[PDB]
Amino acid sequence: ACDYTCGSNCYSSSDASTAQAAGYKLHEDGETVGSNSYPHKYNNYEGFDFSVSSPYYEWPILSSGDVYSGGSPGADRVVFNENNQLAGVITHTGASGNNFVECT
């Protein structure tokens, strides 16, 4: 079973932790990758009720299982904070425009 289901993409907690670890490291070093410059601040326009505090940052999580290194980010993202705590996993899949919905 999937710990996180983003549309049809299936992720386990380990997949999320791996992506998060990569995103946090780049965040700590002040480096970004990709045309959308990830990781970057997640403003939470959606108003999700995360259990951990902000600031929040988003980083792509890939269905391929590989860590994002540039190129197309896909529709899924892991959201983490300054304390490297996982806030949640969200996706553009099933959401209008560039909005987000949480992965189930």
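Just count from 1 along the sequence shown to find any residue number.
Can you tell me which stretch has the higher mean Cα B-factor, 43-51 or 57-65?
Comparing 57-65 with 43-51, the higher mean C-alpha B-factor belongs to 43-51.
Third of the chain's Cα B-factor distribution that residue 79 belongs to, per the entry
Lowest third, going by the recorded CA B-factors of the chain.
Where does residue 91 sit by CA temperature factor within its chain: lowest, middle or highest third?
CA B-factor rank for residue 91: lowest third.
Among the chain's modelled residues, which third holds the C-alpha B-factor of residue 104?
CA B-factor rank for residue 104: highest third.
Third of the chain, ranked by Cα B-factor, where residue 9 sits
Within its chain, residue 9 is a middle-third residue by C-alpha B-factor, going by the deposited values.
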